[PDB]
>>> print(open('final_30.txt').read())   # compact mmCIF, C-alpha atoms and all ligand atoms
# COMPACT_ATOMS: atom_id res chain seq x y z
CA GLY A 548 24.14 -23.97 16.21
CA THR A 549 27.19 -22.52 14.52
CA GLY A 550 27.94 -18.82 14.63
CA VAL A 551 29.65 -15.96 16.42
CA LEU A 552 28.61 -15.00 19.94
CA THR A 553 28.76 -11.29 20.77
CA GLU A 554 27.60 -9.07 23.59
CA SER A 555 24.04 -7.87 23.01
CA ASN A 556 22.26 -4.70 24.14
CA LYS A 557 18.78 -6.23 23.77
CA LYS A 558 16.73 -5.60 26.91
CA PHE A 559 15.07 -8.96 27.45
CA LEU A 560 12.10 -8.95 29.74
CA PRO A 561 12.86 -11.05 32.84
CA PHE A 562 10.61 -13.90 31.70
CA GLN A 563 11.86 -13.79 28.10
CA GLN A 564 14.21 -16.56 26.95
CA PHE A 565 14.92 -16.43 23.21
CA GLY A 566 15.13 -13.76 20.55
CA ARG A 567 13.75 -14.49 17.09
CA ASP A 568 14.38 -12.94 13.70
CA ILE A 569 11.91 -12.71 10.81
CA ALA A 570 12.59 -16.33 9.80
CA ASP A 571 11.72 -17.61 13.31
CA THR A 572 15.30 -18.68 14.03
CA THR A 573 16.90 -18.00 17.39
CA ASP A 574 18.83 -14.75 17.01
CA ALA A 575 19.44 -13.73 20.64
CA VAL A 576 19.71 -16.31 23.40
CA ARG A 577 20.26 -16.35 27.17
CA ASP A 578 22.98 -18.60 28.57
CA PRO A 579 22.00 -20.79 31.55
CA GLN A 580 24.79 -19.36 33.72
CA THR A 581 25.46 -15.69 34.52
CA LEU A 582 22.03 -14.96 33.00
CA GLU A 583 23.82 -13.22 30.14
CA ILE A 584 22.38 -12.10 26.81
CA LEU A 585 24.08 -12.88 23.51
CA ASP A 586 23.72 -12.55 19.75
CA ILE A 587 23.85 -15.48 17.33
CA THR A 588 25.11 -14.49 13.88
CA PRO A 589 26.24 -16.86 11.10
CA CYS A 590 29.95 -16.84 10.37
CA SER A 591 31.44 -14.83 7.53
CA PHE A 592 30.55 -16.25 4.12
CA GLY A 593 30.02 -15.15 0.55
CA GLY A 594 30.52 -15.94 -3.09
CA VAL A 595 33.76 -16.53 -4.96
CA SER A 596 34.43 -15.52 -8.57
CA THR B 696 -20.43 6.93 -12.85
CA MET B 697 -17.02 8.15 -13.99
CA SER B 698 -16.92 11.24 -16.18
CA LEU B 699 -15.70 9.91 -19.51
CA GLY B 700 -14.38 13.27 -20.68
CA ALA B 701 -15.07 16.95 -21.06
CA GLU B 702 -17.86 17.38 -23.60
CA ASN B 703 -16.97 19.42 -26.67
CA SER B 704 -18.18 20.08 -30.21
CA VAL B 705 -16.15 21.61 -33.04
CA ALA B 706 -17.94 23.80 -35.59
CA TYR B 707 -17.39 22.03 -38.91
CA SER B 708 -18.37 23.56 -42.23
CA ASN B 709 -17.24 22.89 -45.77
CA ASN B 710 -15.79 26.34 -46.48
CA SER B 711 -14.32 27.38 -43.11
CA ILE B 712 -10.88 26.79 -41.60
CA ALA B 713 -9.16 27.72 -38.35
CA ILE B 714 -5.51 28.76 -38.23
CA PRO B 715 -3.40 29.44 -35.11
CA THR B 716 -2.09 32.95 -34.55
CA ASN B 717 0.22 32.13 -31.62
CA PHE B 718 2.17 29.25 -30.16
CA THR B 719 3.22 27.84 -26.80
CA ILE B 720 6.44 26.02 -25.98
CA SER B 721 5.56 23.17 -23.63
CA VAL B 722 7.82 20.84 -21.65
CA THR B 723 6.61 17.44 -20.46
CA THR B 724 8.29 14.64 -18.52
CA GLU B 725 8.32 10.88 -18.94
CA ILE B 726 9.78 8.32 -16.53
CA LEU B 727 11.00 4.93 -17.77
CA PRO B 728 12.65 2.19 -15.67
CA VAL B 729 15.79 0.66 -17.17
CA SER B 730 17.26 -1.96 -14.83
CA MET B 731 16.24 -3.43 -11.49
CA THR B 732 18.54 -4.54 -8.71
CA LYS B 733 20.86 -7.43 -9.54
CA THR B 734 20.41 -10.25 -7.03
CA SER B 735 22.04 -13.59 -6.25
CA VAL B 736 21.26 -16.44 -3.87
CA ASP B 737 23.16 -19.23 -2.13
CA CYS B 738 21.54 -22.64 -2.54
CA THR B 739 22.79 -24.60 0.47
CA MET B 740 22.88 -21.65 2.86
CA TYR B 741 19.16 -21.12 2.19
CA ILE B 742 17.80 -24.66 1.77
CA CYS B 743 19.97 -25.95 4.61
CA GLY B 744 21.47 -24.01 7.49
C1 LIG A 801 -15.43 30.94 -36.01
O1 LIG A 801 -16.81 31.11 -36.33
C2 LIG A 801 -17.63 29.95 -36.08
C3 LIG A 801 -19.02 30.30 -36.55
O2 LIG A 801 -19.13 31.67 -36.89
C4 LIG A 801 -17.57 29.58 -34.60
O3 LIG A 801 -18.33 28.40 -34.38
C5 LIG A 801 -19.30 28.64 -33.33
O4 LIG A 801 -18.66 28.84 -32.06
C6 LIG A 801 -19.58 29.12 -31.00
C7 LIG A 801 -18.76 29.42 -29.77
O5 LIG A 801 -19.58 29.76 -28.67
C8 LIG A 801 -20.53 27.93 -30.81
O6 LIG A 801 -21.47 28.25 -29.80
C9 LIG A 801 -21.24 27.62 -32.12
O7 LIG A 801 -22.02 26.44 -31.97
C10 LIG A 801 -20.23 27.43 -33.25
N1 LIG A 801 -20.92 27.21 -34.51
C11 LIG A 801 -21.41 26.03 -34.88
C12 LIG A 801 -22.09 25.99 -36.22
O8 LIG A 801 -21.32 25.03 -34.17
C13 LIG A 801 -16.12 29.36 -34.18
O9 LIG A 801 -16.06 29.11 -32.78
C14 LIG A 801 -15.28 30.58 -34.52
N2 LIG A 801 -13.89 30.36 -34.18
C15 LIG A 801 -13.38 30.62 -32.97
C16 LIG A 801 -11.93 30.32 -32.78
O10 LIG A 801 -14.07 31.07 -32.06
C1 LIG A 802 1.44 34.77 -27.65
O1 LIG A 802 1.37 34.39 -26.28
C2 LIG A 802 2.32 35.06 -25.45
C3 LIG A 802 2.18 34.46 -24.07
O2 LIG A 802 0.92 33.83 -23.90
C4 LIG A 802 2.07 36.56 -25.47
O3 LIG A 802 3.08 37.21 -24.72
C5 LIG A 802 2.49 38.01 -23.68
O4 LIG A 802 2.21 39.33 -24.14
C6 LIG A 802 1.61 40.18 -23.14
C7 LIG A 802 1.31 41.50 -23.82
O5 LIG A 802 2.33 41.85 -24.74
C8 LIG A 802 2.54 40.32 -21.95
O6 LIG A 802 1.90 41.09 -20.94
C9 LIG A 802 2.91 38.95 -21.40
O7 LIG A 802 3.88 39.08 -20.37
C10 LIG A 802 3.47 38.07 -22.51
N1 LIG A 802 3.76 36.73 -22.01
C11 LIG A 802 4.99 36.20 -22.04
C12 LIG A 802 5.12 34.82 -21.49
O8 LIG A 802 5.95 36.81 -22.50
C13 LIG A 802 2.09 37.07 -26.91
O9 LIG A 802 1.71 38.44 -26.93
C14 LIG A 802 1.14 36.26 -27.79
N2 LIG A 802 1.25 36.69 -29.17
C15 LIG A 802 0.62 37.77 -29.65
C16 LIG A 802 0.84 38.07 -31.10
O10 LIG A 802 -0.08 38.48 -28.94
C1 LIG A 803 26.81 -21.45 38.64
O1 LIG A 803 26.66 -20.13 38.09
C2 LIG A 803 25.90 -19.23 38.92
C3 LIG A 803 25.78 -17.93 38.15
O2 LIG A 803 26.83 -17.04 38.48
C4 LIG A 803 26.58 -19.06 40.27
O3 LIG A 803 25.79 -18.22 41.10
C5 LIG A 803 26.78 -20.42 40.93
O4 LIG A 803 27.51 -20.27 42.14
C6 LIG A 803 27.53 -21.36 39.99
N1 LIG A 803 27.66 -22.68 40.60
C7 LIG A 803 28.70 -23.48 40.37
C8 LIG A 803 28.68 -24.80 41.08
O5 LIG A 803 29.62 -23.16 39.63
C1 LIG A 804 -21.60 22.73 -48.03
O1 LIG A 804 -22.68 21.88 -47.61
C2 LIG A 804 -23.98 22.43 -47.85
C3 LIG A 804 -24.98 21.47 -47.26
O2 LIG A 804 -24.82 21.36 -45.86
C4 LIG A 804 -24.17 22.66 -49.35
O3 LIG A 804 -25.44 23.27 -49.57
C5 LIG A 804 -23.06 23.55 -49.89
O4 LIG A 804 -23.17 23.65 -51.31
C6 LIG A 804 -21.69 22.98 -49.53
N1 LIG A 804 -20.63 23.87 -49.97
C7 LIG A 804 -20.12 23.84 -51.20
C8 LIG A 804 -19.03 24.83 -51.48
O5 LIG A 804 -20.51 23.05 -52.05
>>> encode(input="final_30.txt", output="structure tokens")
Amino acid sequence: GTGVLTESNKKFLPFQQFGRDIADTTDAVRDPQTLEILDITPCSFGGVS
Amino acid sequence: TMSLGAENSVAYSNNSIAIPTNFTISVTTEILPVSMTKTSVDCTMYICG
């Protein structure tokens, strides 16, 4: 996926792996190493007039 | 069964009239929507990811 990775304060339960938004797309994910918790947010975008 | 309205009967006769002797200044409200929230969508960002 493409996005920005930022530090997250979400308290995952030890067994929990993903984090899903309303649209069932991975919002918060756990990296295989360091067992860290991140946020996945789409890059800056918008309309042009 | 819903009460259709308060029952009433006005005394009608062909030589009698009723004329007010006092008045009452009344204020009433009325709410009307004018414009909703302007919205816009992005085609590819929604259909695709
Ligand atoms: C003016 O007089 C008429 C009759 O004298 C009144 O009409 C009657 O009003 C009473 C009120 O309790 C009713 O019970 C009667 O049935 C009415 N008469 C008829 C024939 O229906 C009238 O109400 C009077 N005006 C006012 C403002 O009270
Ligand atoms: C018309 O109605 C008004 C209000 O319903 C009357 O004014 C009232 O008069 C009494 C006695 O003079 C006072 O105690 C109230 O405080 C008044 N009310 C208000 C809101 O000022 C008035 O008297 C009526 N008209 C007539 C000719 O009696
Ligand atoms: C891989 O990362 C884990 C998490 O810190 C660490 O304990 C381990 O030593 C690392 N192993 C290698 C080969 O880098
Ligand atoms: C009013 O109607 C009655 C019948 O209900 C009638 O007798 C009377 O003449 C009428 N009034 C007038 C002024 O004609």
>>> closest_residue(input="final_30.txt", among="B:743, B:697, B:707, B:732", to="ligand LIG 801 (chain A)", atoms="all atoms listed in the file")
B:707
>>> residues_near_ligand(input="final_30.txt", ligand="ligand LIG 802 (chain A)", cutoff="10 Å", atoms="only C-alpha atoms and all ligand atoms", output="number ranges by chain")
B: 716-720
>>> atom_distance(input="final_30.txt", atom1="atom CA of residue 736 of chain B", atom2="atom CA of residue 592 of chain A")
12.3 Å
>>> residues_near_ligand(input="final_30.txt", ligand="ligand LIG 804 (chain A)", cutoff="12 Å", atoms="only C-alpha atoms and all ligand atoms", output="PyMOL selection string")
chain B and resi 707-711
>>> atom_distance(input="final_30.txt", atom1="atom CA of residue 574 of chain A", atom2="atom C8 of ligand LIG 803 (chain A)")
27.9 Å
>>> atom_distance(input="final_30.txt", atom1="atom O8 of ligand LIG 801 (chain A)", atom2="atom CA of residue 721 of chain B")
28.9 Å
>>> residues_near_ligand(input="final_30.txt", ligand="ligand LIG 803 (chain A)", cutoff="8 Å", atoms="only C-alpha atoms and all ligand atoms", output="list in words")
residues 580, 581 and 582 of chain A
>>> residues_near_ligand(input="final_30.txt", ligand="ligand LIG 801 (chain A)", cutoff="7 Å", atoms="all atoms listed in the file", output="list in words")
residues 705, 706, 707 and 713 of chain B
>>> interface_residues(input="final_30.txt", of="chain B", to="chain A", cutoff="12 Å", atoms="all atoms listed in the file", output="mmCIF file with C-alpha atoms, in the coordinates of the input")
data_model
loop_
_atom_site.group_PDB
_atom_site.id
_atom_site.type_symbol
_atom_site.label_atom_id
_atom_site.label_comp_id
_atom_site.auth_asym_id
_atom_site.auth_seq_id
_atom_site.Cartn_x
_atom_site.Cartn_y
_atom_site.Cartn_z
ATOM 1 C CA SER B 735 22.040 -13.590 -6.250
ATOM 2 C CA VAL B 736 21.260 -16.440 -3.870
ATOM 3 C CA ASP B 737 23.160 -19.230 -2.130
ATOM 4 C CA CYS B 738 21.540 -22.640 -2.540
ATOM 5 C CA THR B 739 22.790 -24.600 0.470
ATOM 6 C CA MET B 740 22.880 -21.650 2.860
ATOM 7 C CA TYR B 741 19.160 -21.120 2.190
ATOM 8 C CA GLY B 744 21.470 -24.010 7.490
#
>>> axis_aligned_box(input="final_30.txt", around="segment 697-702 of chain B", padding_each_side="8 Å", output="lines of an AutoDock Vina configuration file")
center_x = -16.1
center_y = 12.8
center_z = -18.8
size_x = 19.5
size_y = 25.2
size_z = 25.6
>>> residues_around(input="final_30.txt", residues="residue 587 of chain A", least_positions_apart="6", cutoff="9 Å", atoms="all atoms listed in the file", output="PyMOL selection string")
chain A and resi 548-553+573-576
>>> residues_around(input="final_30.txt", residues="residue 557 of chain A", least_positions_apart="6", cutoff="10 Å", atoms="only C-alpha atoms", output="ChimeraX atom specification")
/A:566,575,584-586
